[PDB]
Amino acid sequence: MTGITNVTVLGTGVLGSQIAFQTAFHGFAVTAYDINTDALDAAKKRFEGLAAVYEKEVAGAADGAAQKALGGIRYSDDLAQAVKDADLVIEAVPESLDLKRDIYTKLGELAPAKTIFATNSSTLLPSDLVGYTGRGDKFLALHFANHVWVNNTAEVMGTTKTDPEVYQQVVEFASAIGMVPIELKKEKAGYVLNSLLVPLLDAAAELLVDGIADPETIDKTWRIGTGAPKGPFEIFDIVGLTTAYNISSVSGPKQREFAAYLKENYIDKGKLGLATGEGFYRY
């Protein structure tokens, strides 16, 4: 008599655990799936930490609400059992074609016909994966950002095969779990946010790497010129420089030059950004 109620999240890493917890915190019946009891033990630990963060950072989570959500999460390492009555499966497994390939082939078999599949993938297009699902009308991308409780966008992106009704149900699900749905109308690698942010960061990095200006100068220019609260390099520190290095080094020639610059000047010195307490800036 209702739409989405049972949600299974595949994967319990940094992203999967936030998605699962956010979804649980907002009243849905969540099953967290992962490969064995060791991974499930680690997931419980991530969930306990998230409960703690919520109770301090998230409206309505104080006074035990976060723990009630925590205690209501079901853990499973049996995929068939994990998705047996799922209305929606959010897939957040590692960023591997082979690995998502075999998941979706099984998932398509194991899940009841009603089940909507959503990928959180940041490197693979729903078109790259749709064929394995066996239900193209019920497959799309639902893409979250790290720290979902605060950076609460959910970028919704299907294929030409996606059922509009399914798309709208995911949009309504996104809102129901407290996200701002960012509705894309066609596929686009990097969705919206990454599509906008990478060009800005690539531009700043080129200015640095080509010796045009120092980071402080580039950042103050951006803050003053656009009113933005943080400039590109402050943003690089937040992203994480190990992450920025990985991304840059499989990119274009100017980008790979920046990767080498980060590697020599930051990564090799243990200056990784916000995480270590120092990157381009000292915190």
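Position 1 is the first residue in the sequence shown; the rest follow in order.
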property: Selected stretch [higher average CA B-factor]: 218 to 226 or 245 to 253; result: 245 to 253
property: Which of 169 to 177 and 125 to 133 has higher mean CA B factor, as the PDB entry lists it; result: 125 to 133
property: Out of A154, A205, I103, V198, residue topping the C-alpha B-factor column of the entry; result: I103
property: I212, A118, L99, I73, ranked by C-alpha B-factor: the highest one; result: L99
property: Third of the chain's Cα B-factor distribution that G13 belongs to, per the entry; result: middle
property: Record-listed C-alpha B factor of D38: chain third; result: middle
property: Third assignment of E95 from its chain's C-alpha B-factors; result: highest
property: Third of the chain, ranked by Cα B-factor, where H26 sits; result: lowest
property: Third assignment of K45 from its chain's C-alpha B-factors; result: middle
